[PDB]
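K.L.:
I'd like to ask you about the structure that follows.
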Amino acid sequence: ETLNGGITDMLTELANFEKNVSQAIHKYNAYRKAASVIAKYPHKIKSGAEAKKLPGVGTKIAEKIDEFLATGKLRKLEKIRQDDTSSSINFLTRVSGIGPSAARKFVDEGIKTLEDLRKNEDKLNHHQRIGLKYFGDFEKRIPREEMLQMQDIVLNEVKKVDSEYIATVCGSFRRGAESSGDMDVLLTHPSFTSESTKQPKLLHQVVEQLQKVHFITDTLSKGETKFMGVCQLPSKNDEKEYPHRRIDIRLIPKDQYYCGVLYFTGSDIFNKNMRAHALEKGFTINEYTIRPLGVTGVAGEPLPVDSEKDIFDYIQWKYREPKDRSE
DNA sequence: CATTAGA
DNA sequence: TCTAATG
Ligand code: NA
Ligand code: NA
């Protein structure tokens with residue numbers, strides 16, 4: 001957590017590189033496992049040698065460990081950090097819609113900057129065109145103070161269209177957080193569950209609501225169960241307009257909400273931890289359900305859930321307010 | 001890890 | 001169809 005820190009950070013750096021700039025999935029994978037196991041090790045790595053005794057700890061990495069050990073740096077590291085191409089990749093990527101493959105392709109074409117991107121919006125797809133267009137706003141945080149004003153409008157039209165809907169704004173937001181990166185709305189309806197053959201319109205109804213009022217401004221992706229978009233709080237009585245925000249609304253079988261909700265609400269550690277417990281408590285948790293464990297090794301059969309409580313009850317735990325779902 | 005664009 | 005990008 002700190003005694004192995006540099007090694008881990010170097011190593012990760014190392015990894016992320018291969019992965020993006022290069023297409024070295026393996027080396028990349030190689031770095032991460034090492035990064036992983038070195039991270040667990042309970043003592044101070046005093047040399048590649050010692051490190052080397054590890055699993056996944058090859059000669060190539062052990063080598064890198066000495067160089068970092070001996071001199072507070074690493075060339076390859078330094079050389080990469082410098083590399084204008086590589087850098088270019090890492091940057092283009094911040095564009096929403098641009099990922100490794102497109103980064104590399106763009107670079108090769110010579111587009112290495114934000115401006116380059118503009119000059120060639122045509123070589124860009126609708127997702128990326130938007131990612132472009134709100135480059136700033138998308139990197140900006142979301143003040144809870146806004147999360148509250150957004151959430152408020154959202155539940156308002158949800159309810160407006162049909163009183164039967166159930167929306168929940170999951171995430172850290174939900175976990176009390178001072179700010180958030182984007183809003184996650186988990187949606188559900190009774191008239192939609194596990195079997196009941198969809199009702200695409202269920203999703204489409206609301207998206208169209210939000211839009212009709214202007215909360216929705218753009219569509220990154222709209223599928224029959226997951227709409228991915230852009231939204232903005234009405235810019236008041238002037239002088240202050242609102243930054244464009246990333247929103248994600250998703251349909252859910254009324255039969256799977258709470259688990260999903262429970263889940264997406266994290267924290268990643270709270271979940272992991274609760275989940276690990278359900279195992280002892282003879283259970284199985286996962287994004288959509290909770291099944292009872294059968295000694296044969298495994299088992300099935302989705303116990304019924306009506307609230308975040310059921311799932312609690314089931315594993316016989318203390319209901320944890322989302323507030324304290326930190327870990 | 002599953003859903004969507006796109007070509 | 002596959003392949004990429006988000007979460
Ligand atoms: Na080894
Ligand atoms: Na990106």
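Letters A, B, ... go to the chains of the structure tokens in the order shown; residues in each chain start at 1; ligands are counted from 1 in the same order.
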Counting only C-alpha atoms (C1' of nucleotides) and all ligand atoms, what are the residues, protein, DNA or RNA alike, that approach ligand 2 to within 7 Å? I want them as number ranges by chain.

P.N.:
A: 93-99

K.L.:
Residues at most 6 Å from ligand 1, using only C-alpha atoms (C1' of nucleotides) and all ligand atoms? Could they come as a PyMOL selection string?

P.N.:
chain A and resi 52-57

K.L.:
Would you list the contacts of range 115-127 of chain A as a PyMOL selection string, taking every protein, DNA or RNA residue within 12 Å and counting only C-alpha atoms (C1' of nucleotides), but skipping same-chain residues closer than 2 positions in sequence?

P.N.:
(chain A and resi 88+91-93+95-99+102-103+105-107+109-113+129-135+218-222+228-230) or (chain B and resi 4-7) or (chain C and resi 5-6)

K.L.:
To one decimal place, how far is CA of residue 30 in chain A from CA of residue 47 in chain A in Å?

P.N.:
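So the two atoms, CA of residue 30 in chain A and CA of residue 47 in chain A, lie 19.0 Å apart.
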
K.L.:
Do a neighbour search on residue 224 in chain A at 8 Å with only C-alpha atoms (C1' of nucleotides), toss out local chain neighbours closer than 2 positions, and write the hits as a list in words.

P.N.:
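With the cut-off at 8 Å, the set is residues 200, 201, 203, 204, 222, 226, 227 and 251 of chain A.
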
K.L.:
Quick one: pull the distance between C1' of residue 3 in chain C and CA of residue 86 in chain A, Å, one decimal.

P.N.:
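Rounded to one decimal, the two atoms are 22.6 Å apart.
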
K.L.:
How many Å separate CA of residue 158 in chain A from CA of residue 184 in chain A?

P.N.:
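CA of residue 184 in chain A lies at a distance of 14.3 Å from CA of residue 158 in chain A.
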
K.L.:
In range 89-218 of chain A, what's alpha helix (DSSP H) per DSSP? Answer as a ChimeraX atom specification?

P.N.:
/A:89-92,100-109,114-119,126-133,135-139,144-161,201-213

K.L.:
Can you pull out every residue from range 128-243 of chain A that DSSP, working from the backbone, puts in strand (DSSP E), and format the result as JSON, numbers by chain?

P.N.:
{"A": [142, 143, 166, 167, 168, 169, 170, 179, 180, 183, 184, 185, 186, 187, 188, 216, 217, 218, 219, 220, 221, 222, 226, 227, 228, 229, 230, 231]}

K.L.:
Could you take the residues named above and write them with N, CA, C and O atoms, as a short mmCIF file (atom, residue, chain, number, x, y, z; two decimals), in the first residue's frame?

P.N.:
data_model
loop_
_atom_site.label_atom_id
_atom_site.label_comp_id
_atom_site.auth_asym_id
_atom_site.auth_seq_id
_atom_site.Cartn_x
_atom_site.Cartn_y
_atom_site.Cartn_z
N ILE A 142 -19.07 17.22 -11.02
CA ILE A 142 -20.49 17.56 -10.82
C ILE A 142 -20.72 17.74 -9.34
O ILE A 142 -20.60 16.78 -8.56
N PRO A 143 -21.00 19.03 -9.00
CA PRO A 143 -21.22 19.40 -7.63
C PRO A 143 -22.56 18.82 -7.22
O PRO A 143 -23.59 19.06 -7.91
N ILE A 166 -39.89 3.77 -11.51
CA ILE A 166 -39.04 3.79 -10.35
C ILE A 166 -37.62 4.04 -10.78
O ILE A 166 -37.00 3.18 -11.42
N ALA A 167 -37.13 5.23 -10.43
CA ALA A 167 -35.80 5.67 -10.77
C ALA A 167 -34.96 5.83 -9.56
O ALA A 167 -35.45 6.21 -8.52
N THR A 168 -33.71 5.55 -9.71
CA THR A 168 -32.80 5.69 -8.59
C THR A 168 -31.48 6.21 -9.11
O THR A 168 -30.92 5.69 -10.06
N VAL A 169 -30.97 7.26 -8.51
CA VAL A 169 -29.73 7.76 -9.00
C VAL A 169 -28.66 7.12 -8.15
O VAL A 169 -28.47 7.47 -7.00
N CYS A 170 -28.00 6.13 -8.75
CA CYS A 170 -26.97 5.35 -8.11
C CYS A 170 -25.65 5.99 -8.16
O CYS A 170 -25.62 7.08 -8.67
N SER A 179 -19.17 15.40 -4.80
CA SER A 179 -19.26 15.56 -6.23
C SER A 179 -19.19 14.25 -6.95
O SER A 179 -18.69 13.20 -6.48
N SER A 180 -19.65 14.36 -8.16
CA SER A 180 -19.67 13.22 -8.99
C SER A 180 -19.29 13.60 -10.39
O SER A 180 -19.41 14.78 -10.77
N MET A 183 -24.14 11.45 -14.07
CA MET A 183 -25.22 10.82 -13.33
C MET A 183 -25.72 9.50 -13.89
O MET A 183 -25.97 9.41 -15.08
N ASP A 184 -25.87 8.51 -12.99
CA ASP A 184 -26.35 7.15 -13.28
C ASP A 184 -27.79 6.83 -12.90
O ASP A 184 -28.03 6.44 -11.79
N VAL A 185 -28.74 6.96 -13.77
CA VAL A 185 -30.08 6.63 -13.35
C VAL A 185 -30.56 5.21 -13.71
O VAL A 185 -30.76 4.94 -14.91
N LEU A 186 -30.75 4.31 -12.69
CA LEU A 186 -31.24 2.88 -12.77
C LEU A 186 -32.76 2.92 -12.90
O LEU A 186 -33.53 3.34 -12.04
N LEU A 187 -33.23 2.52 -14.00
CA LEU A 187 -34.64 2.60 -14.17
C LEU A 187 -35.37 1.27 -14.21
O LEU A 187 -34.83 0.24 -14.67
N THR A 188 -36.63 1.31 -13.75
CA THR A 188 -37.45 0.09 -13.74
C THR A 188 -38.93 0.29 -13.79
O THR A 188 -39.49 1.35 -13.49
N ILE A 216 -32.39 16.80 -21.75
CA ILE A 216 -31.56 16.01 -22.61
C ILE A 216 -31.22 16.82 -23.83
O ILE A 216 -32.09 17.45 -24.45
N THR A 217 -29.93 16.82 -24.16
CA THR A 217 -29.50 17.60 -25.29
C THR A 217 -28.84 16.82 -26.37
O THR A 217 -28.72 17.27 -27.53
N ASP A 218 -28.39 15.65 -25.99
CA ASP A 218 -27.74 14.89 -27.00
C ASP A 218 -27.79 13.47 -26.65
O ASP A 218 -27.88 13.09 -25.44
N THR A 219 -27.68 12.75 -27.76
CA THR A 219 -27.66 11.34 -27.73
C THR A 219 -26.34 10.72 -28.22
O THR A 219 -25.99 10.78 -29.40
N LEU A 220 -25.63 10.12 -27.28
CA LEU A 220 -24.38 9.45 -27.53
C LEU A 220 -24.80 8.09 -28.05
O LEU A 220 -24.32 7.62 -29.10
N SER A 221 -25.73 7.46 -27.31
CA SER A 221 -26.24 6.14 -27.67
C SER A 221 -27.57 5.77 -27.07
O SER A 221 -27.84 5.76 -25.88
N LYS A 222 -28.45 5.45 -27.92
CA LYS A 222 -29.72 5.09 -27.39
C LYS A 222 -30.13 3.72 -27.92
O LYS A 222 -30.39 3.58 -29.14
N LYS A 226 -30.58 0.80 -22.64
CA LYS A 226 -29.52 1.64 -22.18
C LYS A 226 -29.34 2.74 -23.14
O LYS A 226 -28.97 2.56 -24.29
N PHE A 227 -29.64 3.90 -22.61
CA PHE A 227 -29.55 5.18 -23.26
C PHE A 227 -28.33 5.75 -22.59
O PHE A 227 -28.25 5.65 -21.38
N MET A 228 -27.41 6.34 -23.36
CA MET A 228 -26.16 6.97 -22.92
C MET A 228 -26.25 8.44 -23.40
O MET A 228 -26.39 8.66 -24.62
N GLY A 229 -26.21 9.48 -22.53
CA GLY A 229 -26.33 10.82 -23.19
C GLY A 229 -25.56 12.08 -22.66
O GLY A 229 -24.47 12.05 -22.03
N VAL A 230 -26.18 13.24 -22.97
CA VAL A 230 -25.68 14.56 -22.55
C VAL A 230 -26.90 15.33 -22.01
O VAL A 230 -28.00 15.27 -22.56
N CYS A 231 -26.70 16.06 -20.91
CA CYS A 231 -27.76 16.87 -20.27
C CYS A 231 -27.15 18.15 -19.65
O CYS A 231 -25.94 18.20 -19.43
#

K.L.:
For chain B, which residue out of A:273, A:128, A:265, A:90 is the nearest one, using only C-alpha atoms (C1' of nucleotides)?

P.N.:
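Using only C-alpha atoms (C1' of nucleotides), chain B sits closest to A:128.
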
K.L.:
Using only C-alpha atoms (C1' of nucleotides), which of the listed residues (A:209, A:38, A:149, A:286) sits closest to chain B?

P.N.:
A:286
